[PDB]
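Okay, here we've got a single chain as structure tokens, the form deposited in one PDB entry, with questions on binding and movement later.
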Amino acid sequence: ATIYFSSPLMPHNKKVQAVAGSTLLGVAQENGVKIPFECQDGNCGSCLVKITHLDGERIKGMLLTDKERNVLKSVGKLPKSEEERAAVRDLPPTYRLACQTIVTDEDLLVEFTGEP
């Protein structure tokens, strides 16, 4: 698993190869990436990260082509929420708490403001 860490407080992004252990925060701290860690109960929100999934499904769980979405819409089997979710122009980022995020086999771009 390849993780690219990025922050306005880092002049260079950091490419990290991660192995089984494990949280995003744990991986970051182990590799000198200073994601703010301000609680031991996962309630403060200081470790907030913006994650872009680099490989795998573009929209997680949404394997539908434009054609299938149109066919499903025509029979009233495509909810507006699912339509809008798939119609996103730019690769959708997910906000997570790094102290709660388990490192999987997925390649990620991990962004954080650097502010406490």
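Between two forms, the rigid core is defined as the largest C-alpha subset superposing within 1.5 Å. Note that residue numbering follows the sequence shown and begins at 1.
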property: Between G21 and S22 - deposited residues without coordinates, as a size class; result: 1 to 3
property: 49 to 57 versus 85 to 93 - which carries the larger mean C-alpha B factor in the record; result: 85 to 93
property: Higher-scoring stretch by recorded Cα B factor average, 58 to 66 or 71 to 79; result: 58 to 66
property: CA B-factor placement of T101, once the chain's modelled residues are sorted into thirds; result: lowest
property: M10, C-alpha B-factor rank within chain (lowest, middle or highest third); result: highest
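Keep in mind that the form deposited in another entry is missing from the display, and what follows is about it.
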query: Rigid core superposed: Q29 CA moves 2 Å or more between the shown form and the other one; finding: no
query: Residue shift check between the shown form and the other one, rigid core fit, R58 Cα at least 2 Å; finding: yes
query: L72 C-alpha shift between the shown form and the other one of 2 Å or more, rigid core reference; finding: yes
query: Distance trend in the other form - C-alpha atoms of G61 and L54, change of 3 Å or more; finding: farther
query: Shift in CA distance, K60 and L54, in the other form relative to the form shown here, given it is 3 Å or more; finding: farther
